[PDB]
$ cat target04.cif   # mmCIF, C-alpha atoms and all ligand atoms
data_coords
loop_
_atom_site.label_atom_id
_atom_site.label_comp_id
_atom_site.auth_asym_id
_atom_site.auth_seq_id
_atom_site.Cartn_x
_atom_site.Cartn_y
_atom_site.Cartn_z
CA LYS J 1 44.95 140.23 97.62
CA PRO J 2 45.60 142.32 100.74
CA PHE J 3 44.04 141.87 104.19
CA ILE J 4 43.07 145.26 105.71
CA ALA J 5 42.41 145.21 109.49
CA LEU J 6 40.73 148.09 111.38
CA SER J 7 41.08 148.51 115.15
CA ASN J 8 38.73 151.06 116.72
CA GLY J 9 39.26 152.36 120.24
CA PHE J 10 35.67 153.44 120.99
CA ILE J 11 32.35 152.41 119.48
CA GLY J 12 29.90 153.95 122.00
CA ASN J 13 28.60 156.82 119.88
CA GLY J 14 26.74 157.16 116.59
CA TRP J 15 29.63 158.97 114.86
CA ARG J 16 31.86 155.93 115.40
CA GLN J 17 29.09 153.66 114.15
CA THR J 18 28.85 155.65 110.91
CA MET J 19 32.66 155.58 110.66
CA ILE J 20 32.60 151.77 110.80
CA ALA J 21 29.63 151.47 108.45
CA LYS J 22 31.30 153.64 105.76
CA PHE J 23 34.54 151.63 106.07
CA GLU J 24 32.71 148.34 105.80
CA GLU J 25 30.69 149.49 102.78
CA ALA J 26 33.88 150.74 101.07
CA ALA J 27 35.84 147.58 101.96
CA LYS J 28 33.08 145.27 100.76
CA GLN J 29 33.05 147.12 97.44
CA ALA J 30 36.86 147.02 97.23
CA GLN J 31 36.69 143.25 97.83
CA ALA J 32 34.08 142.84 95.07
CA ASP J 33 36.38 144.97 92.83
CA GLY J 34 39.36 142.68 93.52
CA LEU J 35 41.40 145.40 95.26
CA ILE J 36 41.42 143.55 98.59
CA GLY J 37 40.87 139.93 99.65
CA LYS J 38 39.74 140.38 103.22
CA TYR J 39 38.78 142.98 105.80
CA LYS J 40 38.14 142.87 109.54
CA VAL J 41 36.81 145.37 112.09
CA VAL J 42 37.49 145.07 115.79
CA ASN J 43 36.03 147.49 118.36
CA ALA J 44 37.35 147.90 121.89
CA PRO J 45 34.36 147.99 124.31
CA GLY J 46 33.97 150.34 127.27
CA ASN J 47 34.75 154.00 127.73
CA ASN J 48 37.67 154.42 125.31
CA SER J 49 39.98 151.79 126.92
CA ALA J 50 43.48 151.41 125.52
CA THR J 51 44.46 148.23 127.35
CA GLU J 52 41.92 146.01 125.59
CA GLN J 53 42.56 147.68 122.21
CA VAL J 54 46.25 146.81 122.55
CA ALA J 55 45.30 143.17 123.21
CA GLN J 56 42.94 143.23 120.24
CA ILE J 57 45.64 144.55 117.93
CA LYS J 58 47.94 141.67 118.95
CA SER J 59 45.15 139.17 118.11
CA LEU J 60 44.77 140.94 114.74
CA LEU J 61 48.50 140.70 114.03
CA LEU J 62 48.29 136.90 114.38
CA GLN J 63 46.00 136.92 111.33
CA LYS J 64 48.74 138.60 109.27
CA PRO J 65 47.09 141.75 108.01
CA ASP J 66 48.88 143.66 105.23
CA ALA J 67 47.66 146.99 106.62
CA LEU J 68 46.22 148.02 109.93
CA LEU J 69 43.99 151.09 110.31
CA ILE J 70 43.82 152.42 113.84
CA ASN J 71 41.51 154.81 115.66
CA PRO J 72 43.49 154.97 118.87
CA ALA J 73 41.93 154.94 122.31
CA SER J 74 45.04 156.68 123.81
CA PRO J 75 47.63 159.18 122.63
CA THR J 76 50.45 156.98 124.09
CA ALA J 77 49.39 153.44 125.07
CA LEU J 78 49.42 151.97 121.51
CA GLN J 79 52.93 153.08 120.52
CA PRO J 80 54.66 149.76 121.31
CA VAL J 81 52.11 147.59 119.49
CA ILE J 82 52.14 150.00 116.55
CA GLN J 83 55.89 149.52 116.35
CA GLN J 84 55.35 145.75 116.66
CA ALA J 85 52.99 145.87 113.68
CA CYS J 86 55.51 147.86 111.60
CA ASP J 87 58.36 145.49 112.55
CA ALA J 88 56.22 142.63 111.22
CA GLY J 89 55.95 144.45 107.85
CA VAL J 90 52.40 145.81 108.34
CA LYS J 91 51.52 149.24 106.94
CA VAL J 92 49.94 151.29 109.70
CA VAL J 93 47.55 154.18 109.19
CA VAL J 94 46.48 155.95 112.33
CA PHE J 95 43.30 157.88 111.57
CA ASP J 96 41.00 160.36 113.29
CA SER J 97 43.92 161.15 115.59
CA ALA J 98 47.48 162.45 115.59
CA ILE J 99 49.98 160.57 117.74
CA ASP J 100 53.72 160.26 117.97
CA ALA J 101 54.06 156.80 116.38
CA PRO J 102 56.99 157.30 113.97
CA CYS J 103 56.38 154.24 111.80
CA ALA J 104 52.67 155.07 111.25
CA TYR J 105 51.03 157.38 108.76
CA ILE J 106 48.62 159.92 110.29
CA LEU J 107 45.34 160.88 108.57
CA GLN J 108 43.31 163.29 110.65
CA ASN J 109 40.97 166.24 110.62
CA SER J 110 41.58 169.67 112.17
CA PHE J 111 40.25 169.15 115.68
CA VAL J 112 41.22 172.73 116.40
CA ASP J 113 38.96 174.02 113.62
CA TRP J 114 36.07 171.85 114.86
CA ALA J 115 36.40 173.03 118.45
CA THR J 116 36.59 176.64 117.25
CA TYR J 117 33.52 176.31 114.99
CA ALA J 118 31.64 174.70 117.92
CA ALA J 119 32.56 177.26 120.55
CA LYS J 120 33.17 180.68 119.00
CA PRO J 121 29.93 181.18 117.02
CA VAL J 122 28.01 179.80 120.01
CA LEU J 123 29.51 182.34 122.38
CA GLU J 124 28.89 185.11 119.83
CA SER J 125 25.24 184.01 119.57
CA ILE J 126 24.74 184.68 123.31
CA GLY J 127 26.37 188.11 123.07
CA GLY J 128 29.58 187.02 124.81
CA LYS J 129 27.91 186.70 128.19
CA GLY J 130 25.81 184.28 130.20
CA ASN J 131 26.09 180.77 131.53
CA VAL J 132 27.41 177.77 129.63
CA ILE J 133 27.86 174.05 130.08
CA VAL J 134 30.86 172.29 128.53
CA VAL J 135 30.25 168.69 127.50
CA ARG J 136 33.49 166.91 126.73
CA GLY J 137 33.88 164.38 123.95
CA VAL J 138 35.74 161.06 123.80
CA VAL J 139 37.74 161.65 127.01
CA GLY J 140 41.06 159.80 127.00
CA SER J 141 41.50 160.24 123.23
CA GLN J 142 44.02 162.67 121.66
CA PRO J 143 41.48 164.69 119.69
CA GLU J 144 39.30 165.21 122.75
CA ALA J 145 42.20 166.45 124.79
CA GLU J 146 43.18 168.90 122.02
CA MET J 147 39.65 170.19 121.59
CA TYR J 148 39.18 170.68 125.32
CA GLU J 149 42.28 172.91 125.40
CA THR J 150 40.90 174.82 122.43
CA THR J 151 37.47 175.20 124.07
CA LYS J 152 39.06 176.54 127.28
CA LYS J 153 41.21 178.97 125.27
CA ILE J 154 38.22 180.38 123.42
CA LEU J 155 36.22 180.64 126.66
CA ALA J 156 39.07 182.68 128.18
CA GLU J 157 38.48 185.31 125.47
CA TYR J 158 34.93 185.82 126.83
CA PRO J 159 35.37 186.93 130.52
CA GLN J 160 31.63 187.57 130.96
CA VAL J 161 30.82 183.94 130.11
CA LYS J 162 30.70 181.61 133.12
CA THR J 163 31.07 177.84 132.88
CA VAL J 164 28.44 176.57 135.32
CA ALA J 165 29.24 172.89 134.76
CA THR J 166 31.65 170.60 132.94
CA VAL J 167 30.62 167.04 132.13
CA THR J 168 31.61 164.13 129.87
CA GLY J 169 29.34 163.18 126.96
CA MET J 170 31.58 160.87 124.82
CA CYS J 171 30.04 162.66 121.74
CA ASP J 172 27.00 160.50 122.49
CA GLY J 173 23.56 162.10 122.76
CA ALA J 174 22.13 159.74 125.38
CA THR J 175 25.27 159.95 127.53
CA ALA J 176 25.37 163.75 127.29
CA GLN J 177 21.61 163.84 127.97
CA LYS J 178 22.07 161.93 131.20
CA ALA J 179 25.06 163.99 132.39
CA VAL J 180 23.45 167.38 131.63
CA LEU J 181 20.12 166.29 133.18
CA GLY J 182 22.14 165.46 136.28
CA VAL J 183 23.38 169.04 136.79
CA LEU J 184 20.44 171.17 135.60
CA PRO J 185 18.66 171.35 138.97
CA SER J 186 21.87 172.71 140.59
CA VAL J 187 22.67 175.49 138.08
CA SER J 188 21.42 178.91 136.97
CA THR J 189 19.83 179.50 133.56
CA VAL J 190 22.00 178.03 130.80
CA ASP J 191 22.42 180.04 127.57
CA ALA J 192 24.56 177.55 125.67
CA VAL J 193 25.96 174.06 125.79
CA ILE J 194 29.28 173.64 124.01
CA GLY J 195 29.62 169.97 123.26
CA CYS J 196 30.81 167.30 120.88
CA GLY J 197 28.05 166.53 118.36
CA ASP J 198 25.60 165.91 121.21
CA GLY J 199 23.10 168.77 120.94
CA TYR J 200 20.04 166.56 120.31
CA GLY J 201 20.65 164.73 123.61
CA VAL J 202 21.37 167.98 125.40
CA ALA J 203 18.08 169.35 124.05
CA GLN J 204 16.16 166.33 125.45
CA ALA J 205 17.63 167.01 128.91
CA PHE J 206 16.30 170.59 128.81
CA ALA J 207 12.90 169.36 127.56
CA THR J 208 12.73 166.83 130.43
CA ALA J 209 13.43 169.65 132.89
CA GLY J 210 10.90 171.92 131.12
CA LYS J 211 13.63 174.52 130.54
CA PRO J 212 14.07 176.42 127.25
CA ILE J 213 16.45 174.85 124.76
CA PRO J 214 19.86 176.70 124.73
CA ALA J 215 22.25 177.10 121.81
CA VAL J 216 23.68 173.61 121.29
CA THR J 217 26.23 171.76 119.17
CA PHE J 218 24.23 169.25 117.18
CA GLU J 219 25.08 165.87 115.81
CA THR J 220 25.67 166.04 112.06
CA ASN J 221 23.16 163.22 111.66
CA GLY J 222 19.70 163.04 110.05
CA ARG J 223 17.80 163.20 113.34
CA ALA J 224 19.52 166.33 114.70
CA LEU J 225 19.30 168.22 111.40
CA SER J 226 15.57 167.44 111.20
CA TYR J 227 15.03 168.51 114.82
CA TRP J 228 16.91 171.74 114.06
CA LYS J 229 14.49 172.39 111.15
CA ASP J 230 11.21 171.02 112.54
CA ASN J 231 11.48 173.25 115.64
CA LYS J 232 13.02 176.05 113.51
CA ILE J 233 15.71 176.37 116.13
CA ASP J 234 17.21 179.79 115.54
CA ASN J 235 19.21 180.46 118.68
CA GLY J 236 22.88 180.13 117.72
CA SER J 237 22.89 176.34 117.53
CA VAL J 238 25.53 174.85 115.20
CA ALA J 239 26.26 171.53 113.49
CA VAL J 240 29.93 170.66 112.96
CA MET J 241 31.98 167.45 113.44
CA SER J 242 34.93 165.60 112.05
CA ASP J 243 34.44 163.29 109.06
CA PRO J 244 33.51 159.70 109.91
CA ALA J 245 34.77 158.74 106.47
CA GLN J 246 38.33 159.29 107.57
CA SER J 247 38.12 155.50 107.78
CA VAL J 248 37.46 155.26 104.05
CA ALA J 249 40.27 157.70 103.27
CA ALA J 250 42.53 155.56 105.51
CA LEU J 251 41.58 152.49 103.44
CA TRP J 252 42.67 154.26 100.24
CA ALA J 253 45.86 155.44 101.92
CA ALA J 254 46.64 151.86 102.97
CA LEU J 255 46.09 150.50 99.47
CA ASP J 256 48.40 153.17 97.98
CA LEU J 257 50.99 152.36 100.63
CA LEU J 258 50.73 148.66 99.78
CA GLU J 259 51.56 149.30 96.10
CA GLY J 260 54.72 151.29 96.96
CA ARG J 261 53.35 154.84 96.76
CA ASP J 262 54.67 157.59 98.96
CA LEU J 263 52.34 159.47 101.25
CA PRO J 264 53.08 162.29 103.67
CA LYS J 265 53.50 160.98 107.23
CA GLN J 266 50.90 163.55 108.31
CA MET J 267 47.74 164.33 106.34
CA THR J 268 44.98 166.72 107.30
CA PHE J 269 41.63 165.95 105.71
CA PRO J 270 38.50 168.16 106.02
CA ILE J 271 35.91 168.26 108.77
CA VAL J 272 32.12 168.45 108.07
CA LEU J 273 30.79 171.93 108.85
CA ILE J 274 27.04 172.20 108.18
CA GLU J 275 26.15 175.87 107.87
CA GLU J 276 22.49 176.84 107.52
CA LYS J 277 22.57 176.72 103.70
CA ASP J 278 23.80 173.07 103.77
CA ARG J 279 21.26 171.68 106.32
CA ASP J 280 18.45 170.69 103.99
CA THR J 281 20.86 169.25 101.40
CA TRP J 282 22.35 166.96 104.08
CA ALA J 283 18.94 166.25 105.64
CA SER J 284 17.67 165.09 102.23
CA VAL J 285 20.26 162.31 102.06
CA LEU J 286 20.98 161.19 105.62
CA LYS J 287 19.02 158.51 107.40
CA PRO J 288 18.17 159.54 110.96
CA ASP J 289 21.15 157.78 112.59
CA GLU J 290 23.54 158.44 109.68
CA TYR J 291 26.21 161.07 110.28
CA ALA J 292 27.35 163.35 107.46
CA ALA J 293 30.48 161.94 105.84
CA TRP J 294 32.55 162.86 102.77
CA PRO J 295 32.28 160.26 99.97
CA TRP J 296 35.96 159.47 99.40
CA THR J 297 36.75 157.60 96.23
CA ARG J 298 40.28 156.45 95.62
CA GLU J 299 40.52 159.31 93.09
CA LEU J 300 39.20 162.00 95.50
CA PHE J 301 41.60 160.65 98.12
CA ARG J 302 44.57 161.04 95.74
CA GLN J 303 43.44 164.56 94.81
CA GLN J 304 43.47 165.59 98.47
CA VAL J 305 46.90 164.02 98.96
CA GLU J 306 48.14 166.00 95.94
CA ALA J 307 46.71 169.20 97.42
CA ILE J 308 48.48 168.42 100.71
CA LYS J 309 51.85 167.66 99.05
CA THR J 310 51.69 170.71 96.79
CA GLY J 311 50.11 172.93 99.46
CA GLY J 312 47.19 173.60 97.08
CA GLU J 313 43.53 174.09 97.99
CA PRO J 314 41.94 171.57 100.33
CA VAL J 315 39.58 169.35 98.33
CA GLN J 316 36.02 170.33 99.20
CA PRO J 317 34.21 167.07 98.61
CA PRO J 318 30.64 167.15 97.37
CA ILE J 319 27.62 166.58 99.55
CA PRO J 320 26.20 163.31 98.27
CA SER J 321 22.70 163.58 96.72
CA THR J 322 22.43 159.77 97.01
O1 LIG T 401 33.92 159.80 118.20
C1 LIG T 401 33.98 160.94 117.70
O2 LIG T 401 33.03 161.81 117.66
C2 LIG T 401 35.31 161.29 116.99
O3 LIG T 401 36.29 160.24 117.17
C3 LIG T 401 35.92 162.58 117.52
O4 LIG T 401 36.16 162.46 118.92
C4 LIG T 401 37.27 162.82 116.81
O5 LIG T 401 36.95 163.04 115.41
#
$ encode --input "target04.cif" --output "C-alpha cells"
Amino acid sequence: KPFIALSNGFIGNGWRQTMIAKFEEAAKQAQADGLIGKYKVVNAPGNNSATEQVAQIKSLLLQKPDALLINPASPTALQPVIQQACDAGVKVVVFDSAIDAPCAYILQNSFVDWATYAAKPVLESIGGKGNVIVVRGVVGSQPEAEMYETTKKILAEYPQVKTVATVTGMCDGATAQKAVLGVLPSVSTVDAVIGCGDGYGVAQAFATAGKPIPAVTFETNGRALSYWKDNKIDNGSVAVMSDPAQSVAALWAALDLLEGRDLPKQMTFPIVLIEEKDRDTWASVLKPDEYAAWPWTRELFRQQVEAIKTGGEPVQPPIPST
C-alpha cells in the first residue's frame, strides 16, 4: 500500500497546525481503510525557510514515498528537489501554493479572492478613508507575495486611505500582536488592520494599548469567531482564509494519481469565507484553536475535479455540523 509523505514549509501559525491535523486524521483513516500503508509529516522550523525544507525532502525521498505533498516555503527554491522526486517516480502534489514546477500537480485556493475579501469590505466599512495597518502573512511564500500585491492594488483604489504602518504577522495572532503593539505608540488613530487571519491578536494589541478595536481580519478559528460574537463586534471586521484542508484534498489527488487517473496540472479549490450568517454555524463546531476547513471526502474531491475539468460550478462544500 502506498507511502504518502507531506513536507510543510512553515508550521508557526494555527492555520498550518489545523492543516496538518486534518491531513493526519484523514491519512490515519485512509490507513485503517487499507487505502495507504504509511504516512509521514515533516515540518521545516523557523520563519518559512526553504533551505531546511529542501534538505528534509531529500531525507524523505530516501524512505521511498509513492507520493509527496508539498506546502512550499519558497516559490523557487524547491524546484530542483521537486524534479528529483519526479525523476525517482514519485507523484508530487504541491498544495496551498502555485509554483512553476512542471512535473508537479498544483492544488491551491484563490489567494487573490482571499486578499480581496480581506481588504475591500474593510476599506468600505471605514468609508474609504482613514488610517490602516497592513499585516503581512507568511512572508517568503508564493501566496503571501501574491496577496500583498493584491492588497496594495486595492489600497491604491482608495486615495484617502493612508497606510500608517506595514508589519509581518506570519498569519499568527501572537506574532501579529507583538508587531502591531510595537508600532501603535508611533502612529495616529487606526481605523482598520488588514491582515492574514490575525485579527484576534491584533485586537489584543489594541486592548493592551487601551485603544478602541479597529476593523480587523479575524482568524477563521473557534476563538476568533467567539470573540467576534461575545463582544458583538460590528465595525467592518471580517473572517476569511484559505482552506487548511487543501492538505486532505491533496491526499485524495495523490491517491487518484497513484492509480493512473488524470488530473489537471492546476486545480483551484475554494477558500473559507465566513460571512455573518455563517459565524454561529462554524462557532458551533470548531474548537477554540481549530480553523474552519472543508471536509473533503474522496468523492467530494472528485466532484470538484469534475467541476474544474468541465468548467462547471465550484463545489460549495458543507459546513460540518460535527
Ligand atoms: O499559513 C497560512 O495561513 C496559509 O499557508 C496561507 O498563507 C496560504 O493559504
$ residues_around --input "target04.cif" --residues "residue J:66" --least-positions-apart "5" --cutoff "8 Å" --atoms "only C-alpha atoms" --output "PyMOL selection string"
chain J and resi 2-5+89-91+258
$ write_last_selection --input "target04.cif" --atoms "C-alpha atoms" --output "PDB file, in the frame of the given file"
ATOM      1  CA  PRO J   2      45.600 142.320 100.740  1.00  0.00           C
ATOM      2  CA  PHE J   3      44.040 141.870 104.190  1.00  0.00           C
ATOM      3  CA  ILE J   4      43.070 145.260 105.710  1.00  0.00           C
ATOM      4  CA  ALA J   5      42.410 145.210 109.490  1.00  0.00           C
ATOM      5  CA  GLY J  89      55.950 144.450 107.850  1.00  0.00           C
ATOM      6  CA  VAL J  90      52.400 145.810 108.340  1.00  0.00           C
ATOM      7  CA  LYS J  91      51.520 149.240 106.940  1.00  0.00           C
ATOM      8  CA  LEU J 258      50.730 148.660  99.780  1.00  0.00           C
TER       9      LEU J 258
END
$ residues_around --input "target04.cif" --residues "residue J:101" --least-positions-apart "3" --cutoff "8 Å" --atoms "all atoms listed in the file" --output "PyMOL selection string"
chain J and resi 79+82-83+104
$ closest_residue --input "target04.cif" --among "J:321, J:110, J:168, J:175" --to "ligand LIG 401 (chain T)" --atoms "all atoms listed in the file"
J:110
$ closest_residue --input "target04.cif" --among "J:30, J:319, J:122, J:70" --to "ligand LIG 401 (chain T)" --atoms "all atoms listed in the file"
J:70
$ residues_near_ligand --input "target04.cif" --ligand "ligand LIG 401 (chain T)" --cutoff "9 Å" --atoms "all atoms listed in the file" --output "VMD selection string"
chain J and resid 9 to 17 19 71 96 to 97 108 to 111 114 137 to 139 141 to 144 147 170 to 172 196 to 197 241 to 244 246 271
$ closest_residue --input "target04.cif" --among "J:106, J:6, J:283, J:112" --to "residue J:61" --atoms "all atoms listed in the file"
J:6
$ residues_around --input "target04.cif" --residues "residue J:225" --least-positions-apart "5" --cutoff "12 Å" --atoms "only C-alpha atoms" --output "ChimeraX atom specification"
/J:197-200,217-220,230-233,237-240,274-292
$ build_atoms --input "target04.cif" --residues "stretch 135-165 of chain J" --atoms "N, CA and C atoms" --output "PDB file, in the frame of the given file"
ATOM      1  N   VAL J 135      30.387 170.132 127.555  1.00  0.00           N
ATOM      2  CA  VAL J 135      30.250 168.690 127.500  1.00  0.00           C
ATOM      3  C   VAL J 135      31.411 168.148 126.703  1.00  0.00           C
ATOM      4  N   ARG J 136      32.322 167.467 127.377  1.00  0.00           N
ATOM      5  CA  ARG J 136      33.490 166.910 126.730  1.00  0.00           C
ATOM      6  C   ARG J 136      33.162 165.699 125.864  1.00  0.00           C
ATOM      7  N   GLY J 137      34.047 165.465 124.905  1.00  0.00           N
ATOM      8  CA  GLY J 137      33.880 164.380 123.950  1.00  0.00           C
ATOM      9  C   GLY J 137      34.434 163.040 124.406  1.00  0.00           C
ATOM     10  N   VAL J 138      35.183 162.384 123.524  1.00  0.00           N
ATOM     11  CA  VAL J 138      35.740 161.060 123.800  1.00  0.00           C
ATOM     12  C   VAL J 138      36.962 161.211 124.699  1.00  0.00           C
ATOM     13  N   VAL J 139      36.684 161.407 125.994  1.00  0.00           N
ATOM     14  CA  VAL J 139      37.740 161.650 127.010  1.00  0.00           C
ATOM     15  C   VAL J 139      38.713 160.482 127.042  1.00  0.00           C
ATOM     16  N   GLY J 140      39.995 160.800 127.094  1.00  0.00           N
ATOM     17  CA  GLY J 140      41.060 159.800 127.000  1.00  0.00           C
ATOM     18  C   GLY J 140      41.707 159.819 125.629  1.00  0.00           C
ATOM     19  N   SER J 141      40.936 160.159 124.586  1.00  0.00           N
ATOM     20  CA  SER J 141      41.500 160.240 123.230  1.00  0.00           C
ATOM     21  C   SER J 141      42.316 161.541 122.986  1.00  0.00           C
ATOM     22  N   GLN J 142      43.213 161.486 122.015  1.00  0.00           N
ATOM     23  CA  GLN J 142      44.020 162.670 121.660  1.00  0.00           C
ATOM     24  C   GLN J 142      43.184 163.840 121.103  1.00  0.00           C
ATOM     25  N   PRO J 143      42.279 163.572 120.156  1.00  0.00           N
ATOM     26  CA  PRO J 143      41.480 164.690 119.690  1.00  0.00           C
ATOM     27  C   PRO J 143      40.676 165.372 120.779  1.00  0.00           C
ATOM     28  N   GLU J 144      40.081 164.605 121.687  1.00  0.00           N
ATOM     29  CA  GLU J 144      39.300 165.210 122.750  1.00  0.00           C
ATOM     30  C   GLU J 144      40.166 166.117 123.614  1.00  0.00           C
ATOM     31  N   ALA J 145      41.366 165.659 123.931  1.00  0.00           N
ATOM     32  CA  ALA J 145      42.200 166.450 124.790  1.00  0.00           C
ATOM     33  C   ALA J 145      42.556 167.774 124.104  1.00  0.00           C
ATOM     34  N   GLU J 146      42.830 167.712 122.800  1.00  0.00           N
ATOM     35  CA  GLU J 146      43.180 168.900 122.020  1.00  0.00           C
ATOM     36  C   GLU J 146      42.025 169.882 121.952  1.00  0.00           C
ATOM     37  N   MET J 147      40.826 169.345 121.711  1.00  0.00           N
ATOM     38  CA  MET J 147      39.650 170.190 121.590  1.00  0.00           C
ATOM     39  C   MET J 147      39.298 170.825 122.894  1.00  0.00           C
ATOM     40  N   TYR J 148      39.493 170.118 124.006  1.00  0.00           N
ATOM     41  CA  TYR J 148      39.180 170.680 125.320  1.00  0.00           C
ATOM     42  C   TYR J 148      40.104 171.893 125.595  1.00  0.00           C
ATOM     43  N   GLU J 149      41.382 171.780 125.252  1.00  0.00           N
ATOM     44  CA  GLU J 149      42.280 172.910 125.400  1.00  0.00           C
ATOM     45  C   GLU J 149      41.801 174.067 124.551  1.00  0.00           C
ATOM     46  N   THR J 150      41.373 173.771 123.327  1.00  0.00           N
ATOM     47  CA  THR J 150      40.900 174.820 122.430  1.00  0.00           C
ATOM     48  C   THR J 150      39.631 175.472 123.021  1.00  0.00           C
ATOM     49  N   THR J 151      38.682 174.663 123.485  1.00  0.00           N
ATOM     50  CA  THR J 151      37.470 175.200 124.070  1.00  0.00           C
ATOM     51  C   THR J 151      37.779 176.118 125.264  1.00  0.00           C
ATOM     52  N   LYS J 152      38.715 175.713 126.123  1.00  0.00           N
ATOM     53  CA  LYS J 152      39.060 176.540 127.280  1.00  0.00           C
ATOM     54  C   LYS J 152      39.691 177.862 126.818  1.00  0.00           C
ATOM     55  N   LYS J 153      40.567 177.778 125.828  1.00  0.00           N
ATOM     56  CA  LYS J 153      41.210 178.970 125.270  1.00  0.00           C
ATOM     57  C   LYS J 153      40.210 179.988 124.738  1.00  0.00           C
ATOM     58  N   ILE J 154      39.252 179.520 123.955  1.00  0.00           N
ATOM     59  CA  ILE J 154      38.220 180.380 123.420  1.00  0.00           C
ATOM     60  C   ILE J 154      37.374 180.959 124.560  1.00  0.00           C
ATOM     61  N   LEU J 155      37.004 180.141 125.537  1.00  0.00           N
ATOM     62  CA  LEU J 155      36.220 180.640 126.660  1.00  0.00           C
ATOM     63  C   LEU J 155      36.948 181.770 127.387  1.00  0.00           C
ATOM     64  N   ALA J 156      38.266 181.667 127.495  1.00  0.00           N
ATOM     65  CA  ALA J 156      39.070 182.680 128.180  1.00  0.00           C
ATOM     66  C   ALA J 156      38.993 184.055 127.503  1.00  0.00           C
ATOM     67  N   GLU J 157      38.660 184.069 126.216  1.00  0.00           N
ATOM     68  CA  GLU J 157      38.480 185.310 125.470  1.00  0.00           C
ATOM     69  C   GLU J 157      37.121 185.969 125.717  1.00  0.00           C
ATOM     70  N   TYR J 158      36.228 185.276 126.428  1.00  0.00           N
ATOM     71  CA  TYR J 158      34.930 185.820 126.830  1.00  0.00           C
ATOM     72  C   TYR J 158      34.783 185.813 128.366  1.00  0.00           C
ATOM     73  N   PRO J 159      35.384 186.805 129.053  1.00  0.00           N
ATOM     74  CA  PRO J 159      35.370 186.930 130.520  1.00  0.00           C
ATOM     75  C   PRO J 159      33.968 186.963 131.137  1.00  0.00           C
ATOM     76  N   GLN J 160      32.977 187.470 130.417  1.00  0.00           N
ATOM     77  CA  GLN J 160      31.630 187.570 130.960  1.00  0.00           C
ATOM     78  C   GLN J 160      30.836 186.268 130.776  1.00  0.00           C
ATOM     79  N   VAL J 161      31.441 185.257 130.165  1.00  0.00           N
ATOM     80  CA  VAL J 161      30.820 183.940 130.110  1.00  0.00           C
ATOM     81  C   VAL J 161      31.332 183.100 131.275  1.00  0.00           C
ATOM     82  N   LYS J 162      30.406 182.435 131.967  1.00  0.00           N
ATOM     83  CA  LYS J 162      30.700 181.610 133.120  1.00  0.00           C
ATOM     84  C   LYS J 162      30.363 180.158 132.783  1.00  0.00           C
ATOM     85  N   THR J 163      31.311 179.260 133.049  1.00  0.00           N
ATOM     86  CA  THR J 163      31.070 177.840 132.880  1.00  0.00           C
ATOM     87  C   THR J 163      30.427 177.368 134.176  1.00  0.00           C
ATOM     88  N   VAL J 164      29.169 176.960 134.114  1.00  0.00           N
ATOM     89  CA  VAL J 164      28.440 176.570 135.320  1.00  0.00           C
ATOM     90  C   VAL J 164      28.513 175.076 135.585  1.00  0.00           C
ATOM     91  N   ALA J 165      28.951 174.303 134.584  1.00  0.00           N
ATOM     92  CA  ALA J 165      29.240 172.890 134.760  1.00  0.00           C
ATOM     93  C   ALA J 165      30.078 172.338 133.604  1.00  0.00           C
TER      94      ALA J 165
END
